[PDB]
2 protein chains.
Amino acid sequence: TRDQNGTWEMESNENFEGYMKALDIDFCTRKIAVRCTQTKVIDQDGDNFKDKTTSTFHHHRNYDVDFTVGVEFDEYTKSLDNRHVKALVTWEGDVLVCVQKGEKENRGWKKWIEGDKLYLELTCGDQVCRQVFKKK
Amino acid sequence: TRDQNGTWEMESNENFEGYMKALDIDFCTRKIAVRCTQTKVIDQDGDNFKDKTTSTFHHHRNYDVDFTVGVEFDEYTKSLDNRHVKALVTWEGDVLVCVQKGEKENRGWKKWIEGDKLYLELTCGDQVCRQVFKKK
């Protein structure tokens with residue numbers, strides 16, 4: 001049949017990355033594009049076509065870590081760089097301090113309550129990231 | 001206080017990209033990561049900690065094309081390779097066939113209905129991508 005009218009949801013995708021490579025699309029765009037869902041709305045009147053395609057990219061990660069202060073533990077940093085470190089968490093006053101021994105030097109974090117907010121400083125080498133969280 | 005229990009929502013995030021760079025996280029991952037929401041649930045019993053962090057990012061793009069079978073038209077392939085092509089769509093039986101004339105050779109697609117599914121084959125050079133769509 002020639003009638004392509006309808007709302008179409010992509011259910012299978014084969015060799016999208018090979019096609020994109022042939023178009024000289026960079027590895028980054030290919031990595032996001034191949035993870036997208038695709039919805040195609042086709043409005044067709046005889047030989048006249050309107051095609052609206054919506055591509056959607058959705059990312060969710062969960063990263064769960066359990067530890068006991070003072071007991072060195074094995075950490076696999078799956079939510080970041082996916083490396084194995086030997087982490088040791090200790091208290092320095094009211095600050096929670098973690099050294100993450102492994103491939104990277106000067107790697108760890110500090111976590112503390114100040115005001116009614118949670119402060120997190122992550123360090124690796126010469127870089128320090130500071131994050132602040134509020135209670136929900 | 002040493003009591004870090006609670007559900008925490010990130011409200012400030014500074015030098016995350018520098019920290020990720022030091023961890024050898026590529027720019028492609030970093031651009032997604034800096035856009036994620038972050039919620040941290042800390043369950044703490046004395047020196048025993050469970051930390052569950054969840055990160056989410058959602059993005060959607062639209063690509064809308066109108067054409068008439070047999071009428072050549074100008075197409076700019078944003079959301080793929082960002083090139084200008086002169087597209088010409090024709091019927092070959094009940095198969096909708098398009099040639100995207102331009103820089104890339106053997107570039108085009110075929111679109112047809114078989115059963116109640118929509119089949120799309122995209123071609124560039126020696127690469128063929130095959131996509132199958134179902135009705136919603």
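The sequence lines fix the lettering, A, B, ..., with proteins before strands; numbering per chain opens at 1. When reading the values below, keep in mind they use all heavy atoms of this one structure, side chains included, and skip hydrogens, waters and symmetry mates.
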Below 4.5 Å, heavy-atom pairs only: which of [options] has the largest tally toward chain A?
{"options": "B:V89, B:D66, B:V71", "result": "B:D66"}
{"options": "B:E103, B:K117, B:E121", "result": "B:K117"}
{"options": "B:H58, B:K136, B:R107, B:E17", "result": "B:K136"}
{"options": "B:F16, B:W8, B:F27", "result": "B:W8"}
{"options": "B:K135, B:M20, B:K134, B:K21", "result": "B:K134"}

Name the orientation class of the two ring planes belonging to B:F49 and A:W91 (parallel below 30°, tilted from 30 to 60°, perpendicular beyond 60°).
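Rings of B:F49 and A:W91: tilted, 30 to 60°.
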
Which region of [X], side chain (C-beta onward) or backbone (N, CA, C, O), has a non-hydrogen atom less than 4.5 Å from a non-hydrogen atom of chain A, or is it both or neither?
{"X": "B:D3", "value": "backbone"}
{"X": "B:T77", "value": "neither"}
{"X": "B:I25", "value": "side chain"}
{"X": "B:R35", "value": "neither"}

Test salt bridge (charged side-chain N to carboxylate O under 4.0 Å, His left out) on B:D26 and A:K31; report intermediate values, then the result.
CA-CA 12 Å; B:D26 57 287; A:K31 283 286 93 178; over 6 Å; no

Considering all heavy atoms, the nearest B:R83-A:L23 contact
NH1-O, 2.8 Å

Heavy-atom nearest pair, B:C124 first then A:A22, reads O-CB, 3.5 Å

Partner chain B: residue of [options] with the largest heavy-atom pair count (under 4.5 Å):
{"options": "A:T53, A:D43, A:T56, A:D126", "answer": "A:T53"}
{"options": "A:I113, A:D94, A:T39", "answer": "A:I113"}
{"options": "A:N15, A:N82, A:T7", "answer": "A:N15"}

Electrostatic pair B:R130:A:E14 at N-O distance under 4.0 angstrom
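Looking at B:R130 and A:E14, the cut-off is not met.
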
Set out, in order, the CA-CA distance, both residues' side-chain angles and the distance that settles side-chain contact (heavy atoms from CB on, under 4.5 Å) for A:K111 and B:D51, then state yes or no.
CA-CA 12 Å; A:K111 199 174 306 191; B:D51 183 328; 3.1 Å; yes

Could you tell me if A:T68 and B:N48 have a donor-acceptor pair between their side chains, going purely by distance under 3.5 Å?
yes

Verify same cluster id: A:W112, A:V97 (apolar side-chain graph, 4.5 Å)
yes

Sub-3.5 Å donor-acceptor pair from the side chain of A:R2 to the main-chain atoms of B:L96, do we have one?
no

Please classify the contact of [X] with chain B as side chain, backbone, both or neither, using a heavy-atom distance under 4.5 Å.
{"X": "A:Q38", "result": "both"}
{"X": "A:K104", "result": "side chain"}
{"X": "A:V128", "result": "backbone"}

Any chance you could measure B:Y19, atom OH, to A:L122, atom CG, to the nearest 0.5 Å?
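Atom-to-atom, B:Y19:OH and A:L122:CG are 4.5 Å apart.
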
Could you give the distance from CG (B:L120) to CD (A:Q4), rounded to the nearest 0.5 Å?
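Here the rounded value is 9.5 Å.
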
